[PDB]
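To begin, one chain is listed below as structure tokens, in the form deposited in one PDB entry.
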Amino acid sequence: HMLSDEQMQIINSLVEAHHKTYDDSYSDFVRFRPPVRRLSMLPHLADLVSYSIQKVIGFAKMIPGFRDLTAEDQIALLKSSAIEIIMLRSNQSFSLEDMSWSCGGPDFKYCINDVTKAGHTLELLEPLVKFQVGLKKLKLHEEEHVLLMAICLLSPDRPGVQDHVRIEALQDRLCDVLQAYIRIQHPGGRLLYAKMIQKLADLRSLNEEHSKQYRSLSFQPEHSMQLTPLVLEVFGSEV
């Protein structure tokens, strides 16, 4: 009925890491290519994703145990889960009132038709919105939110990983922390952990849909030239 010292330190490290890598003011966005509303929004969103990947990488290197993995496994986990971590962390900006990502005034408020001007269709954009709504309804504590990101990144079931035994070992330790935290520090969360694991499976399908929409983008040189070097390297298949 009480969190251990080690489980607390793991929680302290993740919350600090997330605070070190997420700006609730979104003030770096003026540094991106400005949004325009023929894939009109692609340059801005590419800069947005490239920026978030650097933040996910910063967050990952502070997950306990991650830096002990080989550089190969770190890359393997980063490449496969990068888009899933981005969809998870974007929930902090998602607003239920306007059903969009409100990162600013008119410019940085990202609604559905804006992602359309980036190679995606209204139809395939549907499960992303539903995922964000259901995730928003869980009203996760920062600890639960940050623990879910770390668990997602440390999935042993990624194409590329080698020491899946030890990545699974690290992920289960984090899953133990989340279960204990929910049980002893979240009132009325009797089914929350199960629901969070459900969102992870949803991210897998959203990940696969992005994978295919991205192969279209990266195969058209006039669109892939709009991407950034980091995006092409993280979402490329040149392992």
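Heads up, when I say rigid core I mean the largest set of C-alphas that superpose within 1.5 Å between the two forms. We number the residues from 1 along the sequence you see.
The following text describes the form deposited in another entry, which does not appear among the structures shown.
Core-based superposition between this form and the one not shown shows that, of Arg190, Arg31, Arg67, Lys212, only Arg190 has its Cα displaced by 2 Å or more. Superposition of the core reveals a Cα shift of less than 2 Å for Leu96 between this form and the one not shown. With a cut-off of 2 Å and the rigid core superposed, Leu124 has a Cα displacement that reaches or exceeds the cut-off between this form and the one not shown. In the other form, the CA atoms of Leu96 and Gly189 move farther apart by at least 3 angstroms compared with the shown structure. Relative to the shown form, the Cα atoms of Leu170 and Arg190 move together by 3 Å or more in the other form.
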